[PDB]
$ cat input.txt   # compact mmCIF, C-alpha atoms and all ligand atoms
# COMPACT_ATOMS: atom_id res chain seq x y z
CA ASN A 14 -14.99 43.71 15.57
CA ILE A 15 -13.67 40.63 13.78
CA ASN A 16 -16.48 38.45 12.45
CA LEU A 17 -17.21 35.70 9.96
CA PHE A 18 -16.41 38.16 7.12
CA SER A 19 -13.01 39.33 8.34
CA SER A 20 -10.00 38.37 6.26
CA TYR A 21 -7.41 35.97 7.67
CA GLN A 22 -3.77 35.19 6.93
CA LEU A 23 -3.34 31.41 6.78
CA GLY A 24 0.38 31.04 6.21
CA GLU A 25 1.04 32.65 2.81
CA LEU A 26 -2.66 32.41 1.88
CA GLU A 27 -4.98 35.41 2.19
CA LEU A 28 -8.43 34.14 3.11
CA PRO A 29 -11.18 36.67 2.24
CA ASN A 30 -13.42 35.54 5.10
CA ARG A 31 -13.46 33.08 8.02
CA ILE A 32 -15.98 30.73 6.40
CA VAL A 33 -14.61 27.32 5.54
CA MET A 34 -16.33 24.61 3.55
CA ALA A 35 -16.00 21.47 5.68
CA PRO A 36 -14.93 18.22 4.02
CA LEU A 37 -18.02 16.39 2.67
CA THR A 38 -17.98 12.91 1.16
CA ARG A 39 -20.39 13.03 -1.82
CA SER A 40 -19.44 9.65 -3.38
CA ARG A 41 -19.54 10.94 -6.95
CA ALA A 42 -16.16 9.76 -8.26
CA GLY A 43 -15.94 8.32 -11.76
CA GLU A 44 -14.36 5.15 -13.07
CA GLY A 45 -11.07 4.41 -11.25
CA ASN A 46 -12.29 6.65 -8.38
CA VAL A 47 -11.27 9.66 -10.50
CA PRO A 48 -12.78 13.14 -10.11
CA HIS A 49 -14.41 14.58 -13.19
CA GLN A 50 -15.78 17.84 -14.55
CA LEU A 51 -19.03 17.65 -12.54
CA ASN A 52 -16.91 17.58 -9.34
CA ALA A 53 -14.95 20.59 -10.61
CA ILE A 54 -18.22 22.48 -11.15
CA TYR A 55 -19.40 21.62 -7.63
CA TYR A 56 -16.27 22.94 -5.95
CA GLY A 57 -16.03 25.91 -8.31
CA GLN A 58 -19.55 26.93 -7.30
CA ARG A 59 -18.35 27.11 -3.67
CA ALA A 60 -15.14 29.06 -4.34
CA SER A 61 -16.37 32.09 -2.38
CA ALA A 62 -15.48 30.09 0.75
CA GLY A 63 -12.51 31.51 2.63
CA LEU A 64 -11.11 27.98 2.28
CA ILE A 65 -12.57 24.80 0.78
CA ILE A 66 -11.56 21.50 2.37
CA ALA A 67 -12.31 18.87 -0.25
CA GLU A 68 -14.02 15.61 0.64
CA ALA A 69 -12.11 12.76 2.30
CA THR A 70 -9.94 11.19 -0.40
CA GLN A 71 -8.26 7.85 0.08
CA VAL A 72 -4.46 7.96 -0.10
CA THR A 73 -4.09 4.31 -1.16
CA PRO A 74 -6.49 1.59 -2.38
CA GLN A 75 -6.74 -0.08 1.04
CA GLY A 76 -7.83 3.27 2.46
CA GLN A 77 -11.22 3.18 0.60
CA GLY A 78 -14.29 2.29 2.69
CA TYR A 79 -17.27 3.43 0.61
CA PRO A 80 -18.04 2.93 -3.12
CA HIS A 81 -17.19 5.81 -5.47
CA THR A 82 -15.12 8.04 -3.18
CA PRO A 83 -12.23 9.67 -4.99
CA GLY A 84 -8.60 8.68 -4.47
CA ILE A 85 -5.29 10.52 -4.69
CA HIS A 86 -3.00 7.55 -5.39
CA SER A 87 -3.06 7.20 -9.20
CA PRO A 88 -2.00 9.55 -12.04
CA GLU A 89 -5.56 9.50 -13.39
CA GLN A 90 -6.80 10.65 -9.98
CA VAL A 91 -4.21 13.43 -9.88
CA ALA A 92 -5.34 14.59 -13.33
CA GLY A 93 -9.05 14.53 -12.32
CA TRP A 94 -8.27 16.52 -9.15
CA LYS A 95 -6.34 19.02 -11.28
CA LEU A 96 -9.57 19.74 -13.10
CA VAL A 97 -11.03 20.63 -9.69
CA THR A 98 -8.14 22.74 -8.47
CA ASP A 99 -7.91 24.52 -11.86
CA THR A 100 -11.60 25.45 -11.65
CA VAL A 101 -11.45 26.56 -8.01
CA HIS A 102 -8.41 28.74 -8.75
CA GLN A 103 -10.05 30.18 -11.88
CA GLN A 104 -12.97 31.16 -9.65
CA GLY A 105 -10.57 32.88 -7.14
CA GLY A 106 -10.84 30.21 -4.41
CA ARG A 107 -8.47 28.15 -2.30
CA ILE A 108 -8.74 24.42 -1.67
CA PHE A 109 -7.07 21.80 0.54
CA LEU A 110 -7.44 18.08 0.03
CA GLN A 111 -8.54 15.94 2.99
CA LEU A 112 -6.29 12.86 3.06
CA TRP A 113 -8.06 9.68 4.13
CA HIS A 114 -7.52 6.09 5.16
CA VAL A 115 -10.64 4.42 6.49
CA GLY A 116 -8.81 1.66 8.37
CA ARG A 117 -11.36 -0.89 9.65
CA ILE A 118 -14.34 1.04 8.20
CA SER A 119 -14.40 -0.85 4.90
CA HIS A 120 -15.08 -4.33 3.56
CA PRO A 121 -12.94 -6.94 1.72
CA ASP A 122 -15.05 -6.28 -1.41
CA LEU A 123 -13.54 -2.77 -1.53
CA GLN A 124 -9.98 -3.89 -0.70
CA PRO A 125 -7.20 -5.00 -3.10
CA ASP A 126 -7.28 -8.76 -3.63
CA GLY A 127 -10.29 -8.98 -1.33
CA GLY A 128 -8.02 -8.64 1.72
CA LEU A 129 -9.11 -7.69 5.20
CA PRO A 130 -9.33 -4.00 6.04
CA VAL A 131 -6.42 -2.93 8.27
CA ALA A 132 -6.64 -1.37 11.74
CA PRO A 133 -4.68 -0.98 14.98
CA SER A 134 -6.57 -3.89 16.56
CA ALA A 135 -8.75 -6.74 15.35
CA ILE A 136 -12.15 -5.32 16.44
CA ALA A 137 -15.06 -5.61 14.01
CA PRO A 138 -17.24 -2.49 13.76
CA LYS A 139 -20.91 -3.13 14.52
CA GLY A 140 -23.62 -3.07 11.91
CA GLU A 141 -23.42 -3.19 8.13
CA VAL A 142 -21.21 -1.66 5.44
CA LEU A 143 -22.17 -0.76 1.90
CA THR A 144 -20.42 -2.78 -0.84
CA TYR A 145 -20.85 -3.08 -4.61
CA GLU A 146 -23.32 -5.90 -3.88
CA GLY A 147 -25.28 -3.97 -1.26
CA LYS A 148 -24.98 -3.96 2.54
CA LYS A 149 -23.07 -6.69 4.31
CA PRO A 150 -21.84 -7.21 7.88
CA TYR A 151 -18.50 -5.69 8.67
CA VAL A 152 -15.63 -8.16 8.99
CA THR A 153 -12.96 -8.18 11.71
CA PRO A 154 -10.03 -6.12 10.40
CA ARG A 155 -6.45 -7.32 10.51
CA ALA A 156 -4.27 -5.59 13.13
CA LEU A 157 -1.26 -4.06 11.39
CA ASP A 158 2.13 -5.46 12.33
CA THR A 159 4.47 -2.94 13.96
CA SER A 160 6.72 -3.34 10.91
CA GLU A 161 3.85 -2.27 8.57
CA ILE A 162 3.28 1.13 10.17
CA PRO A 163 6.04 2.82 8.07
CA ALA A 164 4.15 1.68 4.95
CA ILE A 165 1.02 3.43 6.24
CA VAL A 166 2.99 6.61 6.85
CA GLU A 167 4.54 6.34 3.37
CA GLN A 168 1.05 5.92 1.79
CA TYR A 169 0.02 9.20 3.46
CA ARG A 170 3.27 10.84 2.32
CA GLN A 171 2.70 9.78 -1.30
CA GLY A 172 -0.93 10.86 -1.11
CA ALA A 173 0.25 14.31 0.03
CA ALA A 174 2.86 14.50 -2.76
CA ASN A 175 0.17 13.50 -5.33
CA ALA A 176 -2.06 16.26 -3.90
CA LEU A 177 0.78 18.74 -4.45
CA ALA A 178 1.04 17.60 -8.09
CA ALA A 179 -2.74 18.01 -8.42
CA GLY A 180 -2.43 21.72 -7.65
CA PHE A 181 -4.03 21.91 -4.20
CA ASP A 182 -3.20 24.80 -1.88
CA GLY A 183 -2.66 22.41 1.04
CA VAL A 184 -3.83 19.22 2.73
CA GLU A 185 -5.89 18.23 5.78
CA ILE A 186 -5.06 15.01 7.63
CA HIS A 187 -8.29 13.22 8.47
CA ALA A 188 -7.67 12.13 12.08
CA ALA A 189 -11.38 12.22 12.93
CA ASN A 190 -14.69 10.32 12.65
CA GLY A 191 -13.27 6.90 13.59
CA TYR A 192 -11.05 6.38 10.50
CA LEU A 193 -7.60 4.84 10.62
CA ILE A 194 -5.63 7.52 12.50
CA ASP A 195 -8.55 8.04 14.92
CA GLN A 196 -8.74 4.27 15.42
CA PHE A 197 -5.14 4.43 16.68
CA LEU A 198 -5.84 7.56 18.78
CA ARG A 199 -8.74 6.17 20.80
CA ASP A 200 -8.47 3.43 23.39
CA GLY A 201 -11.82 1.91 22.37
CA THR A 202 -10.33 0.84 19.02
CA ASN A 203 -6.64 0.53 19.93
CA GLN A 204 -5.63 -2.25 22.32
CA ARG A 205 -2.10 -2.68 20.86
CA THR A 206 0.88 -3.60 23.05
CA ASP A 207 3.64 -2.14 20.87
CA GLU A 208 4.85 1.47 20.71
CA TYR A 209 1.60 2.41 18.94
CA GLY A 210 -0.76 1.41 21.79
CA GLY A 211 -1.19 2.00 25.53
CA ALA A 212 -0.12 5.45 26.65
CA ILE A 213 -1.48 8.49 24.82
CA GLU A 214 1.95 9.26 23.36
CA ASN A 215 1.90 5.81 21.77
CA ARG A 216 -1.67 6.08 20.54
CA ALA A 217 -0.85 9.49 19.01
CA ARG A 218 2.34 8.17 17.42
CA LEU A 219 0.75 7.28 14.05
CA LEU A 220 -0.80 10.76 13.79
CA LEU A 221 2.52 12.42 14.66
CA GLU A 222 4.52 10.27 12.23
CA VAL A 223 2.00 10.89 9.41
CA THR A 224 2.14 14.62 10.20
CA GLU A 225 5.96 14.67 10.16
CA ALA A 226 5.99 12.85 6.83
CA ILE A 227 3.43 15.21 5.25
CA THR A 228 5.28 18.33 6.50
CA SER A 229 8.34 17.00 4.58
CA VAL A 230 6.23 17.30 1.36
CA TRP A 231 4.30 20.52 2.07
CA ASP A 232 5.26 23.63 3.86
CA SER A 233 3.85 23.01 7.30
CA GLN A 234 1.61 26.11 7.08
CA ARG A 235 -0.27 24.25 4.27
CA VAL A 236 -0.96 21.16 6.46
CA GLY A 237 -3.98 20.93 8.75
CA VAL A 238 -5.22 18.18 11.09
CA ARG A 239 -8.85 17.36 11.83
CA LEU A 240 -9.98 15.79 15.14
CA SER A 241 -13.45 14.99 16.44
CA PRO A 242 -12.99 14.55 20.21
CA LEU A 243 -16.55 13.56 21.19
CA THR A 244 -17.87 11.79 18.07
CA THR A 245 -19.05 8.23 18.53
CA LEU A 246 -19.16 7.69 14.72
CA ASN A 247 -17.92 4.36 13.46
CA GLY A 248 -17.73 2.83 16.93
CA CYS A 249 -14.58 4.85 17.87
CA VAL A 250 -14.60 6.19 21.41
CA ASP A 251 -11.91 7.19 23.91
CA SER A 252 -12.36 6.61 27.65
CA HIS A 253 -10.54 9.82 28.58
CA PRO A 254 -11.13 12.25 25.72
CA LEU A 255 -10.08 15.38 27.64
CA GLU A 256 -6.65 13.87 28.38
CA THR A 257 -6.29 12.26 24.97
CA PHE A 258 -7.30 15.21 22.80
CA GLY A 259 -5.66 17.83 25.06
CA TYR A 260 -2.41 15.91 24.68
CA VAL A 261 -2.80 15.73 20.89
CA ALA A 262 -3.56 19.44 20.58
CA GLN A 263 -0.34 20.35 22.42
CA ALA A 264 1.78 17.66 20.69
CA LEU A 265 0.91 19.11 17.28
CA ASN A 266 2.47 22.52 18.14
CA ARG A 267 5.91 21.11 17.22
CA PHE A 268 4.96 21.03 13.55
CA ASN A 269 3.83 24.67 13.00
CA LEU A 270 0.75 23.45 11.16
CA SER A 271 -1.70 25.45 9.12
CA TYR A 272 -4.46 24.76 11.61
CA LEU A 273 -6.19 22.34 13.94
CA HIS A 274 -9.78 21.65 12.88
CA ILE A 275 -12.24 20.43 15.51
CA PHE A 276 -15.53 18.80 14.58
CA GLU A 277 -17.63 19.38 17.71
CA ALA A 278 -20.08 16.46 17.79
CA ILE A 279 -23.66 17.68 17.58
CA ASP A 280 -24.79 15.48 20.44
CA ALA A 281 -21.88 16.17 22.74
CA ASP A 282 -23.82 18.26 25.22
CA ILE A 283 -26.84 16.02 25.53
CA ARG A 284 -25.12 12.65 25.00
CA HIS A 285 -23.02 13.43 28.05
CA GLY A 286 -23.49 14.88 31.48
CA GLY A 287 -22.36 17.92 29.44
CA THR A 288 -19.45 18.30 27.04
CA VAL A 289 -16.42 16.61 28.61
CA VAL A 290 -13.96 18.22 26.17
CA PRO A 291 -14.59 21.95 25.90
CA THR A 292 -13.01 23.30 22.75
CA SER A 293 -11.54 26.12 24.89
CA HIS A 294 -9.26 23.41 26.44
CA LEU A 295 -7.90 22.64 22.98
CA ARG A 296 -7.77 26.32 22.00
CA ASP A 297 -5.47 26.96 24.96
CA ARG A 298 -3.36 23.88 24.14
CA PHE A 299 -2.82 24.41 20.39
CA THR A 300 -0.87 27.59 19.64
CA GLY A 301 -1.96 28.04 15.99
CA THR A 302 -5.11 28.62 13.93
CA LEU A 303 -8.22 26.81 15.13
CA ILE A 304 -11.13 25.87 12.88
CA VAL A 305 -14.35 24.90 14.69
CA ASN A 306 -17.28 23.08 13.18
CA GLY A 307 -20.62 21.43 14.02
CA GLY A 308 -24.03 23.07 13.82
CA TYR A 309 -22.67 26.61 13.29
CA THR A 310 -24.82 29.56 12.10
CA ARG A 311 -24.06 33.23 11.32
CA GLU A 312 -24.74 34.10 14.98
CA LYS A 313 -22.74 31.23 16.50
CA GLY A 314 -19.85 31.72 14.11
CA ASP A 315 -19.66 35.47 14.66
CA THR A 316 -19.65 34.84 18.43
CA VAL A 317 -16.73 32.39 18.38
CA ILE A 318 -14.60 34.65 16.20
CA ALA A 319 -15.41 37.80 18.17
CA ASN A 320 -14.58 35.97 21.44
CA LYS A 321 -11.28 34.65 19.99
CA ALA A 322 -12.50 31.14 20.73
CA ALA A 323 -11.72 30.14 17.12
CA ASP A 324 -10.20 31.72 14.00
CA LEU A 325 -12.22 29.97 11.28
CA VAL A 326 -15.63 28.31 11.21
CA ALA A 327 -16.35 25.42 8.86
CA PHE A 328 -19.85 24.63 7.60
CA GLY A 329 -20.72 21.26 6.20
CA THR A 330 -24.47 20.77 5.67
CA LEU A 331 -25.12 24.43 4.75
CA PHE A 332 -22.42 24.36 2.04
CA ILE A 333 -24.13 21.30 0.47
CA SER A 334 -27.27 23.36 -0.16
CA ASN A 335 -25.88 26.90 -0.40
CA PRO A 336 -23.01 27.27 -2.92
CA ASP A 337 -22.88 30.98 -2.13
CA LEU A 338 -23.17 30.45 1.65
CA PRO A 339 -20.77 33.36 2.45
CA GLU A 340 -22.86 35.90 0.47
CA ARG A 341 -26.09 34.54 1.96
CA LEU A 342 -24.71 34.73 5.52
CA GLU A 343 -23.34 38.25 4.88
CA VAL A 344 -26.71 39.73 3.86
CA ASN A 345 -28.94 37.46 6.05
CA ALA A 346 -30.53 35.88 3.00
CA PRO A 347 -32.75 32.78 3.19
CA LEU A 348 -30.77 29.53 3.18
CA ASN A 349 -31.61 26.60 0.93
CA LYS A 350 -32.47 23.38 2.78
CA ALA A 351 -30.12 20.41 2.26
CA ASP A 352 -31.74 17.21 0.94
CA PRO A 353 -30.09 14.19 2.63
CA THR A 354 -31.40 11.80 -0.01
CA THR A 355 -28.84 13.17 -2.53
CA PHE A 356 -25.87 13.58 -0.18
CA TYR A 357 -24.19 10.45 -1.54
CA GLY A 358 -23.89 9.15 -5.10
CA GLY A 359 -25.73 10.18 -8.21
CA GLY A 360 -25.15 13.17 -10.46
CA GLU A 361 -25.87 16.89 -10.71
CA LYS A 362 -29.15 16.68 -8.74
CA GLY A 363 -28.66 17.57 -5.06
CA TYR A 364 -25.05 18.44 -5.97
CA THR A 365 -24.66 21.26 -8.51
CA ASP A 366 -28.30 22.31 -8.84
CA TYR A 367 -28.82 24.08 -5.51
CA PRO A 368 -29.56 27.64 -6.60
CA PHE A 369 -27.54 30.78 -6.13
CA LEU A 370 -29.07 33.87 -4.53
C1 LIG A 401 -22.76 14.20 3.61
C2 LIG A 401 -21.66 14.41 4.61
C3 LIG A 401 -20.40 13.95 4.31
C4 LIG A 401 -19.33 14.14 5.21
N1 LIG A 401 -18.08 13.71 4.86
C5 LIG A 401 -17.05 14.05 5.66
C6 LIG A 401 -15.73 13.90 5.18
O1 LIG A 401 -15.44 13.56 4.02
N2 LIG A 401 -14.70 14.23 6.04
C7 LIG A 401 -14.95 14.72 7.31
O2 LIG A 401 -13.95 14.91 8.04
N3 LIG A 401 -16.18 14.92 7.75
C8 LIG A 401 -17.18 14.66 6.95
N4 LIG A 401 -18.48 14.97 7.32
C9 LIG A 401 -18.65 15.77 8.53
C10 LIG A 401 -18.76 17.26 8.16
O3 LIG A 401 -17.50 17.76 7.65
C11 LIG A 401 -19.13 18.18 9.32
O4 LIG A 401 -18.07 18.03 10.29
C12 LIG A 401 -20.46 17.82 10.00
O5 LIG A 401 -21.47 17.65 8.99
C13 LIG A 401 -20.89 18.84 11.03
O6 LIG A 401 -20.87 20.18 10.47
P1 LIG A 401 -22.24 20.87 10.00
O7 LIG A 401 -23.15 20.87 11.16
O8 LIG A 401 -21.79 22.22 9.54
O9 LIG A 401 -22.78 20.07 8.85
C14 LIG A 401 -19.56 14.77 6.44
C15 LIG A 401 -20.85 15.22 6.75
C16 LIG A 401 -21.90 15.06 5.85
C17 LIG A 401 -23.26 15.61 6.17
CL CL A 402 8.46 21.37 2.39

$ encode --input "input.txt" --output "structure tokens"
Amino acid sequence: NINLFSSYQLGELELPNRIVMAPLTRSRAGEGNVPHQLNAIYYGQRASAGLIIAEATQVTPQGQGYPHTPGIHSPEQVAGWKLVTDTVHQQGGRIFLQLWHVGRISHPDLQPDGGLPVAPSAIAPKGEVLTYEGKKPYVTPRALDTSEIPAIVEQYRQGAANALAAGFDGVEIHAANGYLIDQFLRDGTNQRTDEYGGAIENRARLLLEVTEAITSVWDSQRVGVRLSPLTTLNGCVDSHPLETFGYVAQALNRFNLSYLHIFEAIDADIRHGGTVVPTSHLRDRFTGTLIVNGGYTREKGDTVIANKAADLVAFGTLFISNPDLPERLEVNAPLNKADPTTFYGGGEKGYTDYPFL
């Protein structure tokens, strides 16, 4: 008799429901990659979520991969995010910041001094990347030196401390979707021969060291980690995802985190001889709160919470188009249809103008 509307204790935070707004890049940052009042309105409109996870936000300038995503590395960015967290709190909500470093998923045109994007290994992604001059081929990223990995961890640590000064309730470490930490996790993108490559413990080392550093800034119950075991996004694949992600789920127990958040790839069942990483494997392996995500509905989300298969259910696409998604789900209202043409960039249209019930 728990469902999507049941309250939940997440550390010291009292969530009114089990509905989470998934992190959604909207590429609507202002000059200097600073959030602004329109962003504050957008998140304030969605404050009925049990928890909002804000869009991926680069922790350092080299961590940007797409034009006009917000950062959390400068004082102006902290002040713009404070507008957002002030508004969400005024509206009675709770919000965590998703901390990002895109690693190889970038272009020199977006990097300081026009440098190469950094990565575990020098493997160019396939296809094209958007720059300020339009789409261009990806370049081959530079493989970080072993001695540079502490600087990466320290960029995440500072990002987390800036998020604390911005007034967030917590942080989510983006270890999913083929970005930097995921690039280290997966053997398709990591062919290093130091203590950060090879065995799973080595490939997970960057994640674990970033997590340790961030739990020295935040109470650990305010730190979450997102994984996406069966995505193929951004050319980042593991050859043994059950072993890799099962190991990671158990290795994170040390830290007493807020949660583990799993994005279940939408094509996992069909773009496999079935799902090779059942979330139940990770649920067994991680001893804390589990957030699931990917194509959820009222019916699917109620099932997973009733069954104890997950504690929280995050919705991405439906929160783009339904600012009051919890109320709509609760009363079985119609749901507004999301318009992909306004997902990224632009202004209020397709962002703050989806109507309330
Ligand atoms: C426009 C858009 C932007 C996204 N940006 C992010 C992001 O910033 N961080 C992230 O971890 N996932 C991101 N995702 C993935 C979503 O959080 C979510 O996992 C995915 O859309 C599947 O959930 P859904 O079926 O409820 O939409 C994005 C998805 C969309 C559609
Ligand atoms: Cl602390």

$ residues_around --input "input.txt" --residues "residue 237 in chain A" --least-positions-apart "3" --cutoff "7 Å" --atoms "all atoms listed in the file" --output "PDB file with C-alpha atoms, keeping the file's coordinate frame"
ATOM      1  CA  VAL A 184      -3.830  19.220   2.730  1.00  0.00           C
ATOM      2  CA  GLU A 185      -5.890  18.230   5.780  1.00  0.00           C
ATOM      3  CA  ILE A 186      -5.060  15.010   7.630  1.00  0.00           C
ATOM      4  CA  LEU A 270       0.750  23.450  11.160  1.00  0.00           C
ATOM      5  CA  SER A 271      -1.700  25.450   9.120  1.00  0.00           C
ATOM      6  CA  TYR A 272      -4.460  24.760  11.610  1.00  0.00           C
ATOM      7  CA  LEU A 273      -6.190  22.340  13.940  1.00  0.00           C
TER       8      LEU A 273
END

$ residues_around --input "input.txt" --residues "range 89-91 of chain A" --least-positions-apart "6" --cutoff "7 Å" --atoms "only C-alpha atoms" --output "ChimeraX atom specification"
/A:46-48,175-176,178-179

$ closest_atom_pairs --input "input.txt" --of "chain A" --to "ligand CL 402 (chain A)" --cutoff "9 Å" --atoms "all atoms listed in the file" --output "CSV"
residue,atom,partner,partner_atom,distance
A:227,CA,A:CL402,CL,8.5
A:228,CA,A:CL402,CL,6.0
A:229,CA,A:CL402,CL,4.9
A:230,CA,A:CL402,CL,4.8
A:231,CA,A:CL402,CL,4.3
A:232,CA,A:CL402,CL,4.2
A:233,CA,A:CL402,CL,6.9

$ residues_near_ligand --input "input.txt" --ligand "ligand LIG 401 (chain A)" --cutoff "8 Å" --atoms "all atoms listed in the file" --output "count of residues only"
33

$ closest_residue --input "input.txt" --among "A:58, A:153, A:293, A:241" --to "residue 34 in chain A" --atoms "all atoms listed in the file"
A:58

$ closest_residue --input "input.txt" --among "A:318, A:156, A:174, A:166" --to "residue 88 in chain A" --atoms "all atoms listed in the file"
A:174

$ closest_residue --input "input.txt" --among "A:294, A:141, A:286, A:238" --to "residue 265 in chain A" --atoms "all atoms listed in the file"
A:238

$ closest_residue --input "input.txt" --among "A:102, A:139, A:120, A:107" --to "residue 246 in chain A" --atoms "all atoms listed in the file"
A:139

$ residues_around --input "input.txt" --residues "range 122-134 of chain A" --least-positions-apart "6" --cutoff "7 Å" --atoms "only C-alpha atoms" --output "list in words"
residues 74, 75, 77, 78, 116, 144, 154, 155, 156, 157, 193, 196, 197, 202, 203, 204 and 205 of chain A

$ residues_near_point --input "input.txt" --point "(-7.0, 9.8, -3.4)" --cutoff "6 Å" --atoms "only C-alpha atoms" --output "PyMOL selection string"
chain A and resi 70-72+83-86

$ closest_residue --input "input.txt" --among "A:30, A:206, A:52, A:263" --to "residue 361 in chain A" --atoms "all atoms listed in the file"
A:52

$ axis_aligned_box --input "input.txt" --around "range 354-357 of chain A" --padding-each-side "8 Å" --output "JSON"
{"center_x": -27.8, "center_y": 12.0, "center_z": -1.3, "size_x": 23.2, "size_y": 19.1, "size_z": 18.5}

$ closest_residue --input "input.txt" --among "A:250, A:164, A:236, A:281" --to "residue 268 in chain A" --atoms "all atoms listed in the file"
A:236

$ residues_near_point --input "input.txt" --point "(-9.5, 15.5, 26.5)" --cutoff "10 Å" --atoms "only C-alpha atoms" --output "number ranges by chain"
A: 242-243, 251-262, 289-292, 294-295

$ atom_distance --input "input.txt" --atom1 "CA of residue 343 in chain A" --atom2 "CA of residue 310 in chain A"
11.4 Å

$ residues_around --input "input.txt" --residues "residue 320 in chain A" --least-positions-apart "3" --cutoff "12 Å" --atoms "all atoms listed in the file" --output "JSON, numbers by chain"
{"A": [14, 15, 16, 17, 293, 296, 313, 314, 315, 316, 317, 323, 324]}

$ atom_distance --input "input.txt" --atom1 "CA of residue 44 in chain A" --atom2 "CA of residue 364 in chain A"
18.5 Å

$ atom_distance --input "input.txt" --atom1 "CA of residue 366 in chain A" --atom2 "CA of residue 18 in chain A"
25.4 Å
